[PDB]
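Two forms, one chain: they're shown below as structure tokens, one block per form, named structure 1 and structure 2.
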Structure 1
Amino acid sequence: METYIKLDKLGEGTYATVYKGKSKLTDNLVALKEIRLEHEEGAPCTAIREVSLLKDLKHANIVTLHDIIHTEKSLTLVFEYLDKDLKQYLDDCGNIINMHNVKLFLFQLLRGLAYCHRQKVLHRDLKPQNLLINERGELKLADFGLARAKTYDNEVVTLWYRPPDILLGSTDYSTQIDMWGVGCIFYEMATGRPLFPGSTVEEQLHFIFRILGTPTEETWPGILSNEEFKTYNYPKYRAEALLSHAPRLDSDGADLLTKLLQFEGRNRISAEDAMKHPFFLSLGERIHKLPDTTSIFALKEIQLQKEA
């Protein structure tokens, strides 16, 4: 019964194309992820899992699956549209976002992640392209998967948000992997530029150590016993302070960033604890007791600041 038109191309993958569209029933803008049923599959397993996942997750800061459409030749997942991703948002402000708004975006990111982590969902591929933001200022987590998006177009960002302990063969694939990426997104919102833009596993680890400093048995118990680190022979860097690099962070902000960017996942501040960090004290007591399904903008003391 509810039908849709395609308006524009948002992203394109191997098996799927994502279109911007519009409901003919409601006039609401949607995203239509159309998956080609080339082989005699029914629906492909990936789509079934994506759908079963997004149906079980109900949170204001996770993208909302609105509808599914099956024809003989395609399966289309219909998501509610949001106006921009974070990178587009940055770009529309000449890479200088209102710091109050940065606080709101970070908070909402942390709210969505905390829910995911409570449902045992590791995101594992956080990056600006996966953070969608609407006119109202609501931020929702996506995973575009493949879908290469339609000047910052087509940048290879594969490793930029990857944590150094995982890049050196840690087997602790916990929700804390995301906490490192949160850190990297925070810096990028705060400065408009990526924190650790490495092309290789070796150079990603390098760039990291150029800011955080080279590890030791103090800063990383058992690090010199690691064979891969032993081989990756880096010069001993002295830690630069994060606050100099990102002056727009207050000392609370920089303190939160440092707690996110711990070499090892065991020691990073969690999403839940990060929401209680003093950095967010300006947003009040009410925001912490909101239902999962309620926008933080329901609070009225939460408002988006005009952007330049």
Structure 2
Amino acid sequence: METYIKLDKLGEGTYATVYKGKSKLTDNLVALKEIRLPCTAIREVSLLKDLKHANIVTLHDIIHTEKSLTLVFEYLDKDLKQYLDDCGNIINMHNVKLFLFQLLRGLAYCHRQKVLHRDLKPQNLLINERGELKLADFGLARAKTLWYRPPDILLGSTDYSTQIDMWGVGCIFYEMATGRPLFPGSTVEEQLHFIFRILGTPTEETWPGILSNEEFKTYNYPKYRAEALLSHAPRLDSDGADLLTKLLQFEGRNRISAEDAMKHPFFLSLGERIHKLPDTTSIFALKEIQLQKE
């Protein structure tokens, strides 16, 4: 803390606290991730890797104090929840699509790099004035809030894979398209009920093995019939609802990949030039791609 000026608190966690910062040299704003610590083993994914992608926050410096380790990142002034709330929870549809493509890029890179999001949610997704969406370095973990949790995990799943993150993508896509959470459950039991009311109660046909699950049988769920997603999110189009469907699959193994999610017809309007961009270049670089005023 000799070259930076620590400003207001942006957020907190059990493992770290984040502060808005400024350089005394360049005057540029930064994010100071204060890692909360005789000896402390540091496992930071931003330190044990180099997640160099246009949709992941970029690490700039490391500071050692006798009491802490501060990771200096690039700064974004609003998180997805703050952005939603600022435009009264009504995001321009073209932007929802740009935000979604961006989120799928960052995640498809993490997955490629064997990185998982243990807690994907709007507050961990950040947005700048150019319309860029990036994954904050918070809750990222090597492969070794109940709202965004998949049904299989809730019903006892030993598989902690990239597929978990895909259910969260579906949840956030809906939250962006409608301005409200898809399944805001308070208990494991209520969350499952909230899910089955939208997707339908699983049958041996839609989810093989369910009736053999001890915890599922004990909850006595009414046989709910699936409600058309397009009816729940009218601002969405046929392709938007189809991508949502393919994302919100009961079983992780059937959930579309982040790579394939990007090749879906919902994104056709964006063009072929966005698929050829290297990891490090912004999607906005293209004349064809631009943020719409809210």
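The term rigid core refers to the maximal set of C-alpha atoms that superpose within 1.5 Å between the two forms. The first residue in the sequence of structure 1 is number 1, and each one after it adds one.
**Q** Which single residue of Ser74, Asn98, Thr219, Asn226, after superposing the core, moves its CA by 2 Å or more between the two structures?
**A** Flagged residue: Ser74.
**Q** For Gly145, state whether the C-alpha moves by 2 Å or more between the two structures after rigid core superposition.
**A** Passes the 2 Å threshold, so yes.
**Q** Can we say the CA of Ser251 moves by at least 2 Å between the two structures when the core is superposed?
**A** After core superposition, the C-alpha of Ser251 moves less than 2 Å between the two structures.
**Q** Using a rigid core superposition, assess whether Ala16 undergoes a CA shift of 2 Å or more between the two structures.
**A** Indeed, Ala16 is displaced by 2 Å or more.
**Q** Where the core is superposed, what shift in Å does the CA of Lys300 undergo between the two structures?
**A** So the C-alpha of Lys300 has moved 1.7 Å between the two structures.
**Q** Core-aligned, what does the C-alpha of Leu54 shift between the two structures, expressed in angstrom?
**A** For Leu54, the C-alpha ends up 6.7 Å from its position in the other form.
**Q** I need the CA movement of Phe280 between the two structures once the rigid core is aligned, reported in Å.
**A** Taking the core as reference, the C-alpha of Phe280 is shifted 0.3 Å.
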